[PDB]
Structure formats: C-alpha cells, structure tokens
$ cat input.pdb   # PDB, C-alpha atoms (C1' of nucleotides)
ATOM      1  CA  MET A   1     146.436 154.324  40.374  1.00  0.00           C
ATOM      2  CA  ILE A   2     149.037 151.992  38.872  1.00  0.00           C
ATOM      3  CA  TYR A   3     151.746 149.912  40.510  1.00  0.00           C
ATOM      4  CA  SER A   4     154.899 148.071  39.491  1.00  0.00           C
ATOM      5  CA  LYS A   5     157.075 145.417  41.123  1.00  0.00           C
ATOM      6  CA  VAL A   6     160.769 144.824  40.429  1.00  0.00           C
ATOM      7  CA  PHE A   7     163.078 141.918  41.263  1.00  0.00           C
ATOM      8  CA  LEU A   8     166.631 143.209  41.740  1.00  0.00           C
ATOM      9  CA  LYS A   9     169.619 140.856  42.003  1.00  0.00           C
ATOM     10  CA  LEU A  10     172.226 142.719  44.043  1.00  0.00           C
ATOM     11  CA  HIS A  11     175.877 142.009  43.265  1.00  0.00           C
ATOM     12  CA  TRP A  12     177.363 142.536  46.737  1.00  0.00           C
ATOM     13  CA  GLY A  13     175.163 145.103  48.510  1.00  0.00           C
ATOM     14  CA  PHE A  14     174.134 148.751  48.712  1.00  0.00           C
ATOM     15  CA  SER A  15     175.474 151.562  50.903  1.00  0.00           C
ATOM     16  CA  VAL A  16     173.979 154.817  52.205  1.00  0.00           C
ATOM     17  CA  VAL A  17     175.655 157.040  54.812  1.00  0.00           C
ATOM     18  CA  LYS A  18     173.551 158.978  57.296  1.00  0.00           C
ATOM     19  CA  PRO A  19     173.606 162.791  57.262  1.00  0.00           C
ATOM     20  CA  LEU A  20     175.432 164.772  59.924  1.00  0.00           C
ATOM     21  CA  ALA A  24     181.885 158.425  62.127  1.00  0.00           C
ATOM     22  CA  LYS A  25     180.158 157.183  58.955  1.00  0.00           C
ATOM     23  CA  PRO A  26     177.333 154.840  59.972  1.00  0.00           C
ATOM     24  CA  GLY A  27     175.049 153.575  57.238  1.00  0.00           C
ATOM     25  CA  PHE A  28     171.397 152.636  56.726  1.00  0.00           C
ATOM     26  CA  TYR A  29     169.826 149.194  57.029  1.00  0.00           C
ATOM     27  CA  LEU A  30     167.564 149.647  53.987  1.00  0.00           C
ATOM     28  CA  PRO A  31     167.676 152.165  51.116  1.00  0.00           C
ATOM     29  CA  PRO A  32     165.604 155.306  51.734  1.00  0.00           C
ATOM     30  CA  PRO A  33     162.721 156.400  49.489  1.00  0.00           C
ATOM     31  CA  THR A  34     164.700 159.229  47.894  1.00  0.00           C
ATOM     32  CA  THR A  35     167.292 156.769  46.608  1.00  0.00           C
ATOM     33  CA  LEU A  36     164.527 154.613  45.128  1.00  0.00           C
ATOM     34  CA  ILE A  37     162.979 157.582  43.324  1.00  0.00           C
ATOM     35  CA  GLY A  38     166.371 158.655  42.007  1.00  0.00           C
ATOM     36  CA  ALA A  39     167.196 155.155  40.791  1.00  0.00           C
ATOM     37  CA  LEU A  40     163.855 155.110  38.983  1.00  0.00           C
ATOM     38  CA  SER A  41     164.551 158.492  37.382  1.00  0.00           C
ATOM     39  CA  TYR A  42     168.060 157.512  36.249  1.00  0.00           C
ATOM     40  CA  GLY A  43     166.737 155.756  33.151  1.00  0.00           C
ATOM     41  CA  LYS A  44     165.463 158.919  31.477  1.00  0.00           C
ATOM     42  CA  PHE A  45     168.258 161.322  32.524  1.00  0.00           C
ATOM     43  CA  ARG A  46     171.256 159.168  31.539  1.00  0.00           C
ATOM     44  CA  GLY A  47     173.918 161.731  30.679  1.00  0.00           C
ATOM     45  CA  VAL A  48     173.149 164.943  32.594  1.00  0.00           C
ATOM     46  CA  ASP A  49     174.031 165.755  36.208  1.00  0.00           C
ATOM     47  CA  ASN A  50     172.662 169.312  36.481  1.00  0.00           C
ATOM     48  CA  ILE A  51     169.347 170.837  35.402  1.00  0.00           C
ATOM     49  CA  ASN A  52     168.300 174.414  36.132  1.00  0.00           C
ATOM     50  CA  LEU A  53     165.331 174.343  38.508  1.00  0.00           C
ATOM     51  CA  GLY A  54     164.795 178.043  37.727  1.00  0.00           C
ATOM     52  CA  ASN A  55     166.629 179.284  40.826  1.00  0.00           C
ATOM     53  CA  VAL A  56     169.460 176.802  41.439  1.00  0.00           C
ATOM     54  CA  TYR A  57     170.835 173.480  40.195  1.00  0.00           C
ATOM     55  CA  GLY A  58     169.732 170.859  42.705  1.00  0.00           C
ATOM     56  CA  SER A  59     169.541 167.534  40.851  1.00  0.00           C
ATOM     57  CA  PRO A  60     168.209 165.885  37.636  1.00  0.00           C
ATOM     58  CA  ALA A  61     165.630 164.049  39.739  1.00  0.00           C
ATOM     59  CA  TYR A  62     163.341 166.771  41.156  1.00  0.00           C
ATOM     60  CA  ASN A  63     160.795 165.891  38.455  1.00  0.00           C
ATOM     61  CA  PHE A  64     159.757 162.603  40.109  1.00  0.00           C
ATOM     62  CA  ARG A  65     159.135 164.091  43.574  1.00  0.00           C
ATOM     63  CA  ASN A  66     155.507 162.840  43.714  1.00  0.00           C
ATOM     64  CA  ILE A  67     155.861 159.057  43.358  1.00  0.00           C
ATOM     65  CA  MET A  68     155.319 156.498  46.116  1.00  0.00           C
ATOM     66  CA  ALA A  69     157.794 153.667  46.595  1.00  0.00           C
ATOM     67  CA  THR A  70     158.896 151.029  49.088  1.00  0.00           C
ATOM     68  CA  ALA A  71     161.175 148.001  49.189  1.00  0.00           C
ATOM     69  CA  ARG A  72     161.943 144.851  51.150  1.00  0.00           C
ATOM     70  CA  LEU A  73     164.582 142.136  51.411  1.00  0.00           C
ATOM     71  CA  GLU A  74     164.159 138.481  50.441  1.00  0.00           C
ATOM     72  CA  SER A  75     167.163 137.037  52.302  1.00  0.00           C
ATOM     73  CA  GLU A  76     169.421 137.539  55.330  1.00  0.00           C
ATOM     74  CA  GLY A  77     172.048 140.273  55.348  1.00  0.00           C
ATOM     75  CA  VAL A  78     174.868 141.386  57.625  1.00  0.00           C
ATOM     76  CA  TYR A  79     175.472 145.011  58.597  1.00  0.00           C
ATOM     77  CA  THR A  80     179.115 146.062  58.916  1.00  0.00           C
ATOM     78  CA  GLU A  81     180.957 149.205  60.044  1.00  0.00           C
ATOM     79  CA  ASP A  82     184.410 149.178  58.450  1.00  0.00           C
ATOM     80  CA  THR A 109     181.268 153.495  56.408  1.00  0.00           C
ATOM     81  CA  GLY A 110     178.126 151.504  57.138  1.00  0.00           C
ATOM     82  CA  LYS A 111     177.487 148.682  54.675  1.00  0.00           C
ATOM     83  CA  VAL A 112     174.875 145.939  54.329  1.00  0.00           C
ATOM     84  CA  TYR A 113     176.565 142.882  52.845  1.00  0.00           C
ATOM     85  CA  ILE A 114     174.085 140.581  51.100  1.00  0.00           C
ATOM     86  CA  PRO A 115     175.868 139.150  48.036  1.00  0.00           C
ATOM     87  CA  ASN A 116     173.668 137.416  45.450  1.00  0.00           C
ATOM     88  CA  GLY A 117     170.576 138.357  47.463  1.00  0.00           C
ATOM     89  CA  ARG A 118     167.289 139.700  46.119  1.00  0.00           C
ATOM     90  CA  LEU A 119     165.479 142.998  46.651  1.00  0.00           C
ATOM     91  CA  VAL A 120     161.782 143.560  45.926  1.00  0.00           C
ATOM     92  CA  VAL A 121     160.763 147.165  45.235  1.00  0.00           C
ATOM     93  CA  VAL A 122     157.187 148.366  44.725  1.00  0.00           C
ATOM     94  CA  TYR A 123     156.371 151.637  42.948  1.00  0.00           C
ATOM     95  CA  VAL A 124     152.903 153.174  43.316  1.00  0.00           C
ATOM     96  CA  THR A 125     152.223 156.056  40.941  1.00  0.00           C
ATOM     97  CA  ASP A 126     149.440 157.801  39.036  1.00  0.00           C
ATOM     98  CA  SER A 127     151.415 160.174  36.782  1.00  0.00           C
ATOM     99  CA  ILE A 128     152.766 158.337  33.734  1.00  0.00           C
ATOM    100  CA  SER A 129     151.238 155.596  31.598  1.00  0.00           C
ATOM    101  CA  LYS A 130     151.938 151.909  32.131  1.00  0.00           C
ATOM    102  CA  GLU A 131     154.434 151.661  29.268  1.00  0.00           C
ATOM    103  CA  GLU A 132     156.529 154.522  30.652  1.00  0.00           C
ATOM    104  CA  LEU A 133     156.884 152.906  34.073  1.00  0.00           C
ATOM    105  CA  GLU A 134     157.487 149.471  32.555  1.00  0.00           C
ATOM    106  CA  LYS A 135     160.319 150.755  30.365  1.00  0.00           C
ATOM    107  CA  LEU A 136     161.832 152.784  33.209  1.00  0.00           C
ATOM    108  CA  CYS A 137     161.771 149.775  35.545  1.00  0.00           C
ATOM    109  CA  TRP A 138     164.056 147.956  33.074  1.00  0.00           C
ATOM    110  CA  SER A 139     166.566 150.837  33.287  1.00  0.00           C
ATOM    111  CA  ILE A 140     168.040 150.534  36.791  1.00  0.00           C
ATOM    112  CA  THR A 141     171.676 149.548  37.297  1.00  0.00           C
ATOM    113  CA  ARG A 142     172.678 150.858  40.746  1.00  0.00           C
ATOM    114  CA  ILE A 143     171.145 151.797  44.099  1.00  0.00           C
ATOM    115  CA  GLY A 144     173.242 153.993  46.378  1.00  0.00           C
ATOM    116  CA  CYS A 145     176.812 154.757  45.312  1.00  0.00           C
ATOM    117  CA  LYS A 146     178.786 153.768  42.218  1.00  0.00           C
ATOM    118  CA  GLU A 147     179.875 150.365  43.521  1.00  0.00           C
ATOM    119  CA  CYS A 148     176.315 149.209  44.306  1.00  0.00           C
ATOM    120  CA  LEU A 149     175.737 147.463  40.993  1.00  0.00           C
ATOM    121  CA  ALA A 150     172.401 145.641  40.825  1.00  0.00           C
ATOM    122  CA  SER A 151     170.921 143.644  37.958  1.00  0.00           C
ATOM    123  CA  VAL A 152     167.187 143.484  37.230  1.00  0.00           C
ATOM    124  CA  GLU A 153     165.604 140.038  36.935  1.00  0.00           C
ATOM    125  CA  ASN A 154     161.925 140.728  36.212  1.00  0.00           C
ATOM    126  CA  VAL A 155     159.188 143.350  36.436  1.00  0.00           C
ATOM    127  CA  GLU A 156     155.413 143.275  36.803  1.00  0.00           C
ATOM    128  CA  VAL A 157     152.809 145.980  36.197  1.00  0.00           C
ATOM    129  CA  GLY A 158     149.221 146.239  37.342  1.00  0.00           C
ATOM    130  CA  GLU A 159     146.470 148.229  39.001  1.00  0.00           C
ATOM    131  CA  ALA A 160     145.930 148.791  42.715  1.00  0.00           C
ATOM    132  CA  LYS A 161     142.823 148.737  44.903  1.00  0.00           C
ATOM    133  CA  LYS A 162     142.673 151.051  47.914  1.00  0.00           C
ATOM    134  CA  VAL A 163     141.368 149.883  51.292  1.00  0.00           C
ATOM    135  CA  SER A 164     141.525 150.858  54.968  1.00  0.00           C
ATOM    136  CA  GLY A 165     141.136 147.567  56.857  1.00  0.00           C
ATOM    137  CA  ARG A 166     143.550 145.562  58.962  1.00  0.00           C
ATOM    138  CA  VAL A 167     146.317 144.094  56.796  1.00  0.00           C
ATOM    139  CA  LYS A 168     149.699 142.384  57.046  1.00  0.00           C
ATOM    140  CA  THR A 169     152.728 144.050  55.478  1.00  0.00           C
ATOM    141  CA  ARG A 170     156.492 143.753  55.134  1.00  0.00           C
ATOM    142  CA  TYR A 171     157.429 147.012  53.396  1.00  0.00           C
ATOM    143  CA  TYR A 172     158.348 149.761  55.833  1.00  0.00           C
ATOM    144  CA  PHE A 173     155.886 152.549  56.580  1.00  0.00           C
ATOM    145  CA  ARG A 174     155.696 155.924  58.313  1.00  0.00           C
ATOM    146  CA  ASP A 175     156.110 156.514  62.033  1.00  0.00           C
ATOM    147  CA  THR A 176     152.556 157.891  62.236  1.00  0.00           C
ATOM    148  CA  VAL A 177     151.093 154.466  61.393  1.00  0.00           C
ATOM    149  CA  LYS A 178     149.563 152.707  64.389  1.00  0.00           C
ATOM    150  CA  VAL A 179     150.369 149.104  65.315  1.00  0.00           C
ATOM    151  CA  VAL A 180     148.016 146.287  66.311  1.00  0.00           C
ATOM    152  CA  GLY A 181     150.359 143.299  66.551  1.00  0.00           C
ATOM    153  CA  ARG A 182     153.018 142.547  69.127  1.00  0.00           C
ATOM    154  CA  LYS A 183     155.722 145.218  69.375  1.00  0.00           C
ATOM    155  CA  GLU A 184     158.712 143.026  68.540  1.00  0.00           C
ATOM    156  CA  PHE A 185     160.644 144.237  65.467  1.00  0.00           C
ATOM    157  CA  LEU A 186     159.895 147.968  65.222  1.00  0.00           C
ATOM    158  CA  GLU A 187     163.111 149.858  64.446  1.00  0.00           C
ATOM    159  CA  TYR A 188     162.894 153.654  64.443  1.00  0.00           C
ATOM    160  CA  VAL A 189     164.898 155.468  61.761  1.00  0.00           C
ATOM    161  CA  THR A 190     164.811 158.912  60.146  1.00  0.00           C
ATOM    162  CA  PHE A 191     164.600 160.045  56.531  1.00  0.00           C
ATOM    163  CA  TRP A 192     164.586 163.322  54.607  1.00  0.00           C
ATOM    164  CA  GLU A 193     161.845 164.838  52.477  1.00  0.00           C
ATOM    165  CA  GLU A 194     162.214 165.786  48.820  1.00  0.00           C
ATOM    166  CA  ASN A 195     163.538 169.201  49.870  1.00  0.00           C
ATOM    167  CA  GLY A 196     166.987 167.614  50.173  1.00  0.00           C
ATOM    168  CA  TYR A 197     167.273 167.259  46.396  1.00  0.00           C
ATOM    169  CA  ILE A 198     168.958 170.700  46.328  1.00  0.00           C
ATOM    170  CA  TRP A 199     172.530 171.289  47.442  1.00  0.00           C
ATOM    171  CA  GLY A 200     173.499 173.510  50.350  1.00  0.00           C
ATOM    172  CA  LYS A 201     170.350 172.446  52.186  1.00  0.00           C
ATOM    173  CA  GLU A 202     169.138 169.801  54.629  1.00  0.00           C
ATOM    174  CA  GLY A 203     165.888 167.919  54.169  1.00  0.00           C
ATOM    175  CA  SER A 204     163.355 167.911  56.968  1.00  0.00           C
ATOM    176  CA  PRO A 205     163.628 164.916  59.340  1.00  0.00           C
ATOM    177  CA  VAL A 206     160.774 162.398  59.237  1.00  0.00           C
ATOM    178  CA  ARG A 207     160.453 159.389  61.529  1.00  0.00           C
ATOM    179  CA  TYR A 208     159.958 155.967  59.962  1.00  0.00           C
ATOM    180  CA  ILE A 209     159.407 152.429  61.249  1.00  0.00           C
ATOM    181  CA  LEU A 210     161.067 149.290  59.889  1.00  0.00           C
ATOM    182  CA  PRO A 211     159.901 145.683  60.569  1.00  0.00           C
ATOM    183  CA  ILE A 212     163.426 144.244  60.689  1.00  0.00           C
ATOM    184  CA  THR A 213     165.601 142.055  62.902  1.00  0.00           C
ATOM    185  CA  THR A 214     168.714 143.853  64.114  1.00  0.00           C
ATOM    186  CA  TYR A 215     171.118 140.934  63.646  1.00  0.00           C
ATOM    187  CA  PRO A 216     171.148 139.055  61.309  1.00  0.00           C
ATOM    188  CA  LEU A 217     169.279 141.367  58.932  1.00  0.00           C
ATOM    189  CA  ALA A 218     165.952 139.906  57.819  1.00  0.00           C
ATOM    190  CA  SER A 219     162.385 140.815  56.874  1.00  0.00           C
ATOM    191  CA  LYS A 220     159.349 139.911  58.982  1.00  0.00           C
ATOM    192  CA  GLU A 221     155.638 140.512  58.497  1.00  0.00           C
ATOM    193  CA  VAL A 222     153.654 142.804  60.795  1.00  0.00           C
ATOM    194  CA  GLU A 223     149.935 143.482  61.176  1.00  0.00           C
ATOM    195  CA  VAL A 224     148.755 147.076  60.818  1.00  0.00           C
ATOM    196  CA  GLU A 225     145.459 148.980  60.953  1.00  0.00           C
ATOM    197  CA  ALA A 226     146.148 150.833  57.726  1.00  0.00           C
ATOM    198  CA  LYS A 227     144.017 153.857  56.874  1.00  0.00           C
ATOM    199  CA  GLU A 228     145.165 153.888  53.223  1.00  0.00           C
ATOM    200  CA  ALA A 229     146.686 150.671  51.872  1.00  0.00           C
ATOM    201  CA  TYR A 230     146.873 149.487  48.270  1.00  0.00           C
ATOM    202  CA  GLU A 231     146.635 145.817  47.337  1.00  0.00           C
ATOM    203  CA  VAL A 232     149.314 145.206  44.709  1.00  0.00           C
ATOM    204  CA  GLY A 233     148.822 141.557  43.790  1.00  0.00           C
ATOM    205  CA  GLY A 234     148.876 139.545  47.017  1.00  0.00           C
ATOM    206  CA  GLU A 235     150.894 141.955  49.183  1.00  0.00           C
ATOM    207  CA  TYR A 236     149.378 144.883  51.063  1.00  0.00           C
ATOM    208  CA  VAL A 237     151.304 148.164  51.139  1.00  0.00           C
ATOM    209  CA  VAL A 238     150.520 150.862  53.709  1.00  0.00           C
ATOM    210  CA  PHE A 239     151.243 154.540  53.061  1.00  0.00           C
ATOM    211  CA  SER A 240     149.253 156.284  55.819  1.00  0.00           C
TER     212      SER A 240
ATOM    213  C1'   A B   1     172.813 160.127  37.696  1.00  0.00           C
ATOM    214  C1'   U B   2     170.094 158.845  44.147  1.00  0.00           C
ATOM    215  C1'   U B   3     173.545 162.556  51.333  1.00  0.00           C
ATOM    216  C1'   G B   4     174.802 161.278  45.287  1.00  0.00           C
ATOM    217  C1'   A B   5     179.272 163.514  42.906  1.00  0.00           C
ATOM    218  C1'   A B   6     185.611 163.449  43.864  1.00  0.00           C
ATOM    219  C1'   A B   7     190.156 159.225  46.497  1.00  0.00           C
ATOM    220  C1'   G B   8     195.131 152.598  46.831  1.00  0.00           C
ATOM    221  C1'   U B   9     196.536 151.619  53.957  1.00  0.00           C
ATOM    222  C1'   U B  10     201.526 152.205  49.874  1.00  0.00           C
ATOM    223  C1'   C B  11     206.820 151.680  50.318  1.00  0.00           C
ATOM    224  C1'   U B  12     211.466 148.451  52.958  1.00  0.00           C
ATOM    225  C1'   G B  13     212.819 142.771  55.580  1.00  0.00           C
ATOM    226  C1'   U B  14     216.233 134.791  55.159  1.00  0.00           C
ATOM    227  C1'   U B  15     213.982 131.439  60.833  1.00  0.00           C
ATOM    228  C1'   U B  16     219.970 131.206  60.086  1.00  0.00           C
ATOM    229  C1'   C B  17     223.741 128.512  62.395  1.00  0.00           C
ATOM    230  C1'   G B  18     225.383 122.269  64.409  1.00  0.00           C
ATOM    231  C1'   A B  19     224.318 116.966  65.830  1.00  0.00           C
ATOM    232  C1'   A B  20     226.255 109.030  63.493  1.00  0.00           C
ATOM    233  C1'   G B  21     219.652 104.848  66.065  1.00  0.00           C
ATOM    234  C1'   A B  22     225.013 102.789  67.639  1.00  0.00           C
ATOM    235  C1'   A B  23     226.491  98.583  70.058  1.00  0.00           C
ATOM    236  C1'   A B  24     225.459  92.543  70.922  1.00  0.00           C
ATOM    237  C1'   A B  25     222.754  87.335  68.318  1.00  0.00           C
ATOM    238  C1'   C B  26     222.880  80.364  63.848  1.00  0.00           C
ATOM    239  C1'   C B  27     216.557  78.642  61.877  1.00  0.00           C
ATOM    240  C1'   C B  28     218.500  74.094  63.850  1.00  0.00           C
ATOM    241  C1'   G B  29     218.475  69.294  65.869  1.00  0.00           C
ATOM    242  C1'   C B  30     215.638  63.364  62.838  1.00  0.00           C
ATOM    243  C1'   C B  31     213.827  60.856  58.113  1.00  0.00           C
ATOM    244  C1'   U B  32     215.212  56.521  51.444  1.00  0.00           C
ATOM    245  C1'   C B  33     210.272  56.951  46.741  1.00  0.00           C
ATOM    246  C1'   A B  34     210.364  52.083  48.166  1.00  0.00           C
ATOM    247  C1'   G B  35     208.797  47.582  46.615  1.00  0.00           C
ATOM    248  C1'   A B  36     206.234  43.315  40.471  1.00  0.00           C
ATOM    249  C1'   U B  37     206.376  43.185  35.166  1.00  0.00           C
ATOM    250  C1'   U B  38     209.548  40.379  28.075  1.00  0.00           C
TER     251        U B  38
END

$ encode --input "input.pdb" --output "structure tokens"
Amino acid sequence: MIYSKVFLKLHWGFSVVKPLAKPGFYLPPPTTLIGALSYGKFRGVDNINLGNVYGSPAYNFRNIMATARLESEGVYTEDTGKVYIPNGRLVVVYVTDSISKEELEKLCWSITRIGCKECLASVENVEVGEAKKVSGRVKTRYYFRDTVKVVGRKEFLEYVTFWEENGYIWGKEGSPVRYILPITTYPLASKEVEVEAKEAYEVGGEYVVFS
RNA sequence: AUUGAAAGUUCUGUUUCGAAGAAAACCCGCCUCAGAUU
C-alpha cells in the first residue's frame, strides 16, 4: 500500500450541487477527488467507450481510496450552494495500491480544479510514502463512512449522503451511501474525533479510517 | 475532464426651484534723558 498527500491552495472555493432548489455540499465527495486525480492523464478527451456506453473518462480509477480535510474556516452560502474559503488550504490524502510511486507523484502535480470550471485550485506541495495498517483506537479528521462506530463525545457528527462509482455513467443514479463528517455547521471548520477503527492506515502522523 | 458538461439580472432616469448675520460702540485719562568734563 502506498499513500500521497497534497496541499491545495484554493482560489475562492469549490462547489458541488446535490442530486435530485440547488443546495450544495460542505466538503467535496470522493468521486470528485478521484476524477480530479484522473484528470492529469486524460487531458483532452471527454468520452471513452466503456464497451456498452460512454459514461466518463474516469471509470478507470474506480478502485482508489481518498479523503480530504480543511485547514481553515469557511462560510457556506446559498445564493447554488457554495463554500467560500478564499486563499484557504485543502489537504487531500490518496491511498492506493495500483500504480507505482512515480505515477501517483506525477499525477498529484496535475490537478487544477475541484468541482466545476470556476473552482480553480493551485497545488503547493506533495508527499509520497508507505502506509501501515492497524485496528486500534485512533484520532482522525478526515471524514469516514457511516458504518464506523464512535467512542468520543457525539458533538460534531454531520450525516450526509454520497454516490458509489456506478454514477460515473449518464442516465443513471448512483446508490446512496451514508457518510459522517466531523465538522462545525457554522462557521465551517475541521475538528478531530476519536474512533475505534477496524482498518486505519497511518500516513505520516495522521490516522485515516476507511472501515 | 469530476452530478461534471452548456448560460450576463440586461436595457431606460437631474434632488430642481428661492432667501442680505443686519443694526448700535474712542484704547484713553498722567510723565523731560536729566545732570560734570579743553
């Protein structure tokens, strides 16, 4: 298992509109992270034949783990949900075991937007390393699944929903999956939470929980 | 190339007209640069 860390310098903020009134999302979903990662290699094509239908030029990377967190305070607005956080900083962690270290390192230097067109985001630095798997009690900031149990005080658990990879194809709706965010509703911020992780990877001082 | 892809809430308008801070009142009533020199 290998892992990478990125330091993104947002320009004004991202934007993602919920499926099915156009409210947005507090933090980018995993699908957007995977797509932003894949953008580097597929720069110039918007349709690839999956063998049955054209769904997206990102179905290749549908088996990579990723999470992200904020390093500042942001304000959520509805005026089309937006999360204004100009000049802020986003920290994204990729956990993967498919490609070699050089591939991921070069890809991580090839991200220039998360969300829609306007969500320009520079990249400040990247780190690459190995991960050690454990199952003991840990403290984490990156969001996790709804199925994960909680040991600490129930104070900042926000319940949201996401879609599986099946949504990469048009004319279809991805399955709904519950997720938990350790966030403060207003102002937006990131707070640590203790968890009895069954499968968590240590990625250089921060523990990440996936199940 | 990411619930992503595709879009301007934009066009037209005076705060304008008129009205004296004006009239009355003393700085003025007293004082030496003086005595000695080739």

$ atom_distance --input "input.pdb" --atom1 "CA of residue 213 (chain A)" --atom2 "CA of residue 137 (chain A)"
28.7 Å

$ atom_distance --input "input.pdb" --atom1 "CA of residue 194 (chain A)" --atom2 "CA of residue 162 (chain A)"
24.5 Å

$ atom_distance --input "input.pdb" --atom1 "CA of residue 148 (chain A)" --atom2 "CA of residue 217 (chain A)"
18.0 Å

$ closest_atom_pairs --input "input.pdb" --of "chain A" --to "chain B" --cutoff "12 Å" --atoms "all atoms listed in the file" --output "tab-separated table"
residue	atom	partner	partner_atom	distance
A:14	CA	B:2	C1'	11.8
A:15	CA	B:3	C1'	11.2
A:16	CA	B:3	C1'	7.8
A:17	CA	B:3	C1'	6.9
A:18	CA	B:3	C1'	7.0
A:19	CA	B:3	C1'	5.9
A:20	CA	B:3	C1'	9.1
A:25	CA	B:3	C1'	11.4
A:27	CA	B:3	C1'	10.9
A:28	CA	B:3	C1'	11.5
A:31	CA	B:2	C1'	10.0
A:32	CA	B:2	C1'	9.5
A:33	CA	B:2	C1'	9.4
A:34	CA	B:2	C1'	6.6
A:35	CA	B:2	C1'	4.3
A:36	CA	B:2	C1'	7.1
A:37	CA	B:2	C1'	7.3
A:38	CA	B:2	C1'	4.3
A:39	CA	B:2	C1'	5.8
A:40	CA	B:2	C1'	8.9
A:41	CA	B:1	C1'	8.4
A:42	CA	B:1	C1'	5.6
A:43	CA	B:1	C1'	8.8
A:44	CA	B:1	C1'	9.7
A:45	CA	B:1	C1'	7.0
A:46	CA	B:1	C1'	6.4
A:47	CA	B:1	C1'	7.3
A:48	CA	B:1	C1'	7.0
A:49	CA	B:1	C1'	5.9
A:50	CA	B:1	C1'	9.3
A:51	CA	B:1	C1'	11.5
A:58	CA	B:4	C1'	11.1
A:59	CA	B:1	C1'	8.7
A:60	CA	B:1	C1'	7.4
A:61	CA	B:2	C1'	8.2
A:62	CA	B:2	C1'	10.8
A:64	CA	B:2	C1'	11.7
A:140	CA	B:1	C1'	10.8
A:141	CA	B:1	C1'	10.6
A:142	CA	B:2	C1'	9.1
A:143	CA	B:2	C1'	7.1
A:144	CA	B:2	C1'	6.2
A:145	CA	B:4	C1'	6.8
A:146	CA	B:4	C1'	9.0
A:148	CA	B:2	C1'	11.5
A:191	CA	B:3	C1'	10.6
A:192	CA	B:3	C1'	9.6
A:193	CA	B:3	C1'	12.0
A:194	CA	B:2	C1'	11.5
A:196	CA	B:3	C1'	8.4
A:197	CA	B:2	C1'	9.2
A:198	CA	B:3	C1'	10.6
A:199	CA	B:3	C1'	9.6
A:200	CA	B:3	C1'	11.0
A:201	CA	B:3	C1'	10.4
A:202	CA	B:3	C1'	9.1
A:203	CA	B:3	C1'	9.8

$ residues_around --input "input.pdb" --residues "residue 171 (chain A)" --least-positions-apart "5" --cutoff "8 Å" --atoms "only C-alpha atoms (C1' of nucleotides)" --output "MDAnalysis selection string"
chainID A and resid 70:72 210:211 237:238

$ residues_around --input "input.pdb" --residues "residue 119 (chain A)" --least-positions-apart "6" --cutoff "9 Å" --atoms "only C-alpha atoms (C1' of nucleotides)" --output "list in words"
residues 6, 7, 8, 9, 10, 71, 72, 73, 74 and 75 of chain A

$ write_last_selection --input "input.pdb" --atoms "C-alpha atoms" --output "short mmCIF file (atom, residue, chain, number, x, y, z; two decimals), in the coordinates of the input"
data_model
loop_
_atom_site.label_atom_id
_atom_site.label_comp_id
_atom_site.auth_asym_id
_atom_site.auth_seq_id
_atom_site.Cartn_x
_atom_site.Cartn_y
_atom_site.Cartn_z
CA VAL A 6 160.77 144.82 40.43
CA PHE A 7 163.08 141.92 41.26
CA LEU A 8 166.63 143.21 41.74
CA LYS A 9 169.62 140.86 42.00
CA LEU A 10 172.23 142.72 44.04
CA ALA A 71 161.18 148.00 49.19
CA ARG A 72 161.94 144.85 51.15
CA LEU A 73 164.58 142.14 51.41
CA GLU A 74 164.16 138.48 50.44
CA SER A 75 167.16 137.04 52.30
#

$ closest_residue --input "input.pdb" --among "A:133, A:189, A:224, A:124" --to "residue 177 (chain A)" --atoms "only C-alpha atoms"
A:224

$ axis_aligned_box --input "input.pdb" --around "region 145-150 of chain A" --padding-each-side "3 Å" --output "AutoDock Vina command-line options"
--center_x 176.1 --center_y 150.2 --center_z 43.1 --size_x 13.5 --size_y 15.1 --size_z 10.5

$ resolve_selection --input "input.pdb" --expression "the PyMOL selection byres ((chain A and resi 240) around 7)" --output "PyMOL selection string"
chain A and resi 174+177+226-228+238-239

$ resolve_selection --input "input.pdb" --expression "the PyMOL selection byres ((chain A and resi 180-187) around 10)" --output "count of residues only"
24

$ closest_residue --input "input.pdb" --among "A:157, A:24, A:218, A:232" --to "residue 130 (chain A)" --atoms "all atoms listed in the file"
A:157

$ resolve_selection --input "input.pdb" --expression "the PyMOL selection byres ((chain A and resi 2) around 12)" --output "mmCIF file with C-alpha atoms, keeping the file's coordinate frame"
data_model
loop_
_atom_site.group_PDB
_atom_site.id
_atom_site.type_symbol
_atom_site.label_atom_id
_atom_site.label_comp_id
_atom_site.auth_asym_id
_atom_site.auth_seq_id
_atom_site.Cartn_x
_atom_site.Cartn_y
_atom_site.Cartn_z
ATOM 1 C CA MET A 1 146.436 154.324 40.374
ATOM 2 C CA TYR A 3 151.746 149.912 40.510
ATOM 3 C CA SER A 4 154.899 148.071 39.491
ATOM 4 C CA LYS A 5 157.075 145.417 41.123
ATOM 5 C CA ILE A 67 155.861 159.057 43.358
ATOM 6 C CA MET A 68 155.319 156.498 46.116
ATOM 7 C CA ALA A 69 157.794 153.667 46.595
ATOM 8 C CA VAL A 122 157.187 148.366 44.725
ATOM 9 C CA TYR A 123 156.371 151.637 42.948
ATOM 10 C CA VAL A 124 152.903 153.174 43.316
ATOM 11 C CA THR A 125 152.223 156.056 40.941
ATOM 12 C CA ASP A 126 149.440 157.801 39.036
ATOM 13 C CA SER A 127 151.415 160.174 36.782
ATOM 14 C CA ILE A 128 152.766 158.337 33.734
ATOM 15 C CA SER A 129 151.238 155.596 31.598
ATOM 16 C CA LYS A 130 151.938 151.909 32.131
ATOM 17 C CA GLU A 131 154.434 151.661 29.268
ATOM 18 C CA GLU A 132 156.529 154.522 30.652
ATOM 19 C CA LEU A 133 156.884 152.906 34.073
ATOM 20 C CA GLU A 134 157.487 149.471 32.555
ATOM 21 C CA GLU A 156 155.413 143.275 36.803
ATOM 22 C CA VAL A 157 152.809 145.980 36.197
ATOM 23 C CA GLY A 158 149.221 146.239 37.342
ATOM 24 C CA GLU A 159 146.470 148.229 39.001
ATOM 25 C CA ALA A 160 145.930 148.791 42.715
ATOM 26 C CA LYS A 161 142.823 148.737 44.903
ATOM 27 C CA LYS A 162 142.673 151.051 47.914
ATOM 28 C CA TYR A 230 146.873 149.487 48.270
ATOM 29 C CA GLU A 231 146.635 145.817 47.337
ATOM 30 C CA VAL A 232 149.314 145.206 44.709
ATOM 31 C CA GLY A 233 148.822 141.557 43.790
#
